[PDB]
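As a convention, Cβ positions derive from the backbone with ideal geometry for all residues, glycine included, and neighbour counts pool all protein chains shown. Throughout, read-outs are computed from the coordinates displayed, never taken from laboratory work.
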């Protein structure tokens, strides 16, 4: 579990991961699915 976006001073996340609009970078369709994705919308 890693924080991104405004929740991380505008920090970006690596590939194979999804950055939740709520500055929350995680995995799984739970955060990768369409509805809470903002950045890095191409994770595994």
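In the list 34, 30, 1, which residue meets the criterion of being loosely packed, with under 12 Cβ neighbours inside 10 Å and touching a strand residue (DSSP E or B) at 6+ places or on another chain (Cβ under 7 Å)? Even if it seems obvious, please write down each step before you answer.
Numbers: 34 fails: touching a strand residue (DSSP E or B) at 6+ places or on another chain (Cβ under 7 Å); 30 fails: touching a strand residue (DSSP E or B) at 6+ places or on another chain (Cβ under 7 Å).
Criteria check complete, one pass: 1.
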If the Cβ limit is 7 Å and pairs must be 6+ apart or interchain, which residue in region 25-44 that is on the phi < 0 side of the Ramachandran plot pairs with which residue that is in a helix (DSSP H, G or I)?
43/32
Tell me, please, whether a residue that is outside any loop (DSSP other than H, G, I, E, B) and in contact with a helix residue (DSSP H, G or I) (Cβ under 6 Å, 6 or more places away or on another chain) can be found in region 9-25.
yes
